[PDB]
Amino acid sequence: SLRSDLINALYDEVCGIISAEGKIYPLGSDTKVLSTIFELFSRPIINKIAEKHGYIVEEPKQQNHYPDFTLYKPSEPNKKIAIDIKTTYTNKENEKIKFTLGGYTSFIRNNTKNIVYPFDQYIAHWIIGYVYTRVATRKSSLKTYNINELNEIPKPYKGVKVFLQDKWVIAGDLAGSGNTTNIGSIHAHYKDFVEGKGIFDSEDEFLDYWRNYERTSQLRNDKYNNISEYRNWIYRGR
Amino acid sequence: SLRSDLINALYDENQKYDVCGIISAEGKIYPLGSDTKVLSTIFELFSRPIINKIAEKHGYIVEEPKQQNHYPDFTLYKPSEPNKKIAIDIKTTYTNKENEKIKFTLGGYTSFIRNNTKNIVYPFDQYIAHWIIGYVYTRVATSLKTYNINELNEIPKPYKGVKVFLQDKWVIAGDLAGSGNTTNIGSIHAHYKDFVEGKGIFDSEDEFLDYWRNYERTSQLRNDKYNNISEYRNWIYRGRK
DNA sequence: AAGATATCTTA
DNA sequence: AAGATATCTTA
């Protein structure tokens, strides 16, 4: 399928930035550097596979718009797939990780706000999750290298494990961010996201929970703070 | 001096080299995207080597943060003068037309400029200078195809007119917010050359710091207090009340 | 001014 | 949970 192909290609597949003159500057250790590194790394892979499956690939023509990639075949343009690259680290393998999966106050409550095409034209919402182990930056990460010095440039990451999965499967009930209100993924191990061991029962339960989520913890206290407390709410009448 | 050196280096180095992509240890080159986040990381990893060239030339030690969200991007100093560090921070912005006014988000106003050791590499009071290295670039029209080692020139870039400057945070800060939920200090909204000429609004770094330490998070709690420089100055005049 | 995009630390 | 890091957008 398009999916079996994509995840199969991502799996089978960086030391720094290069300039037109020839200089290559090393990478920094902050997450803002890696996110960009992974997003870019993913761009020509998602486009090669999409082609293969007669899909068109689009990107936000406008900034601050979800998702990183919009996919669709010409014919059936009302059936669009949404792909989003996410990124998180890990200090030591096996540890539990979590992802921030998007705002619950935008394209999930308003159909046009902060998204390319109306929320309703997307049939799927995948999450290509990248994970990496943190590694302290190097002094040598501060000098420029040359095309032939390449195999010597250190990187701020060790072992990167990547997974692909439907958003709601890996979504949780705990908020991913406080002030910028983000949906939070499950806080589990890597293969739990890979085996899709989530907590929500259906796509619609996922949206029902988050679409009904209150910002102010006070209002949330007597509404429902988690999955458990949610279903009760359900059995009471909402 | 260290400063004029840094500036002159950021000019000449940035005026001749263009970053057109990321590279793999094996050879493959991946093009860039046209969105600010992508761009703002480039100019960040780009300056690091220069700030390190010149700092070394003046015998200054350089240090990047230890945690993933600590200010500033670099801490300079002489071991001969510890409690005297220089803080450098790179900011980015964009313009559609070449001759527009710009504006940067100069960090938070409720973190370290309000609390000594919150979100900063070393206590705030251990810094003498706080510079900003601004990068203004120009958005262009927008590829998704991997270019080989011998194809650097075909690689299109999504920016067309980088302009950098180094100036003091306080000199260029304004009386308005740069962000709401992320409580950021706003810079002056002015034409590029003004950031270079230091045509700000605050009379001293002393006035800058106090404005931002009393700025109430919301217009409502503000109106009775103060919403700009003139109102701040009347408030001060009226007896900080 | 006020909230969105992404992701993290502090506890 | 909340508030930090950066920057944008909308009104």
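Only this structure's heavy atoms are used, side chains among them; waters, hydrogens and symmetry mates stay out. Sequence lines set the chain letters: A, B, ... in the order given, protein chains first and strands last, and positions in each chain run from 1.
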Please classify the sugar of [N] as north or south using the torsion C1'-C2'-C3'-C4'.
N: C:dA4; result: south
N: C:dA1; result: south
N: D:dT7; result: north
N: C:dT9; result: south
N: C:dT5; result: south

Can you tell me which nucleotide in [options] comes closest to the side chain of [X]?
X: A:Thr87; options: C:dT7, D:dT7, C:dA1; answer: C:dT7
X: A:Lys113; options: C:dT7, C:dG3, D:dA1; answer: C:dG3
X: B:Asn119; options: D:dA1, C:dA2, D:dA4; answer: D:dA4
X: B:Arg139; options: C:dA1, C:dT7, D:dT9; answer: D:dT9
X: A:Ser35; options: D:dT7, C:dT7, D:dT5; answer: C:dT7

Is any side-chain nitrogen or oxygen of [X] closer than 4.0 Å to OP1 or OP2 of [N]?
X: B:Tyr94; N: D:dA6; answer: no
X: A:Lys86; N: C:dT7; answer: yes
X: B:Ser219; N: C:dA2; answer: yes
X: B:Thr183; N: D:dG3; answer: no

Over all strands shown, is [X] touching base, sugar-phosphate only, or nothing at heavy-atom distances under 4.0 angstrom?
X: A:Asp84; value: sugar-phosphate
X: A:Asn179; value: base
X: A:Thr180; value: base
X: B:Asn115; value: nothing

When the distance from [atom1] of [X] to [atom2] of [N] is rounded to whole Å, what number comes out?
X: A:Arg215; N: C:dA2; atom1: CZ; atom2: P; answer: 13 Å
X: A:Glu214; N: D:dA1; atom1: CD; atom2: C1'; answer: 16 Å
X: B:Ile120; N: C:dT10; atom1: CD1; atom2: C1'; answer: 18 Å
X: B:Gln67; N: D:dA6; atom1: CD; atom2: P; answer: 14 Å
X: B:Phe104; N: D:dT5; atom1: CZ; atom2: P; answer: 18 Å
X: B:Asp73; N: D:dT5; atom1: CG; atom2: P; answer: 12 Å
X: B:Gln68; N: D:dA4; atom1: CD; atom2: P; answer: 18 Å
X: A:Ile37; N: C:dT7; atom1: CD1; atom2: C1'; answer: 15 Å

Using the salt bridge (charged side-chain N to carboxylate O under 4.0 Å, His left out) rule, collect all pairs that involve residues 111-135 of chain B, keeping only residues at least two apart or in two chains. none
Sequence neighbours left out, what pairs pass salt bridge (charged side-chain N to carboxylate O under 4.0 Å, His left out) with at least one residue falling in residues 189-199 of chain B? B:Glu197-B:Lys199
Please evaluate the base of C:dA4 for a donor-acceptor partner in the side chain of A:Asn64 within a cut-off of under 3.5 Å? yes
Within residues 168-180 of chain B, residues whose heavy atoms come under 4.0 Å of DNA chain C: B:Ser179, B:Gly180
Contact check, residues 100-109 of chain A vs DNA chain C, heavy-atom distance under 4.0 Å, returns A:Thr100, A:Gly103, A:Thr105, A:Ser106, A:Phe107
With no hydrogens and no angle check, just 3.5 Å: does a side-chain donor-acceptor pair link A:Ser29 and A:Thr137? no
Ignoring hydrogens and geometry beyond distance, is a side-chain donor-acceptor pair present between B:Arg222 and B:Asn227 at under 3.5 Å? yes
Holding to side-chain contact (heavy atoms from CB on, under 4.5 Å), I want the full list of residues that pass it with [X], two or more places apart in sequence or in another chain.
X: B:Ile128; result: B:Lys84, B:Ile86
X: B:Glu63; result: B:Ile61, B:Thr75, B:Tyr77, B:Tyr122
X: B:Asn184; result: B:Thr105, B:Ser179, B:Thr182
X: A:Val160; result: A:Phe38, A:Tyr130, A:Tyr132, A:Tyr157

Got a sec, which residues hit salt bridge (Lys or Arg N to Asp or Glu O under 4.0 Å) with B:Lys169, two or more places apart in sequence or on another chain? none
Could you list the residues that satisfy salt bridge (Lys or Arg N to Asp or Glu O under 4.0 Å) with A:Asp208, not counting sequence neighbours? A:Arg238
Which residue is it: A:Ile183, A:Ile127, A:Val131? I am looking for the one with a side chain to side chain contact (heavy atoms under 4.5 Å, CB included) to A:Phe99. A:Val131
According to a 3.5 Å limit on both distances, what stems of 3 or more consecutive Watson-Crick or G-U pairs are formed with DNA chain D? C:3-5 with D:6-8, C:7-10 with D:1-4
Under 6.0 Å between ring centres: does that hold for B:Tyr226 and B:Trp235? yes
Can you name the residues that form a ring-ring contact (aromatic ring centres under 6.0 Å, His included) with A:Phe107, not counting sequence neighbours? A:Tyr66, A:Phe119
Worked check of side-chain contact (heavy atoms from CB on, under 4.5 Å) between A:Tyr89 and A:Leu34: CA-CA 9 Å; A:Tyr89 76 102; A:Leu34 283 148; over 6 Å; no
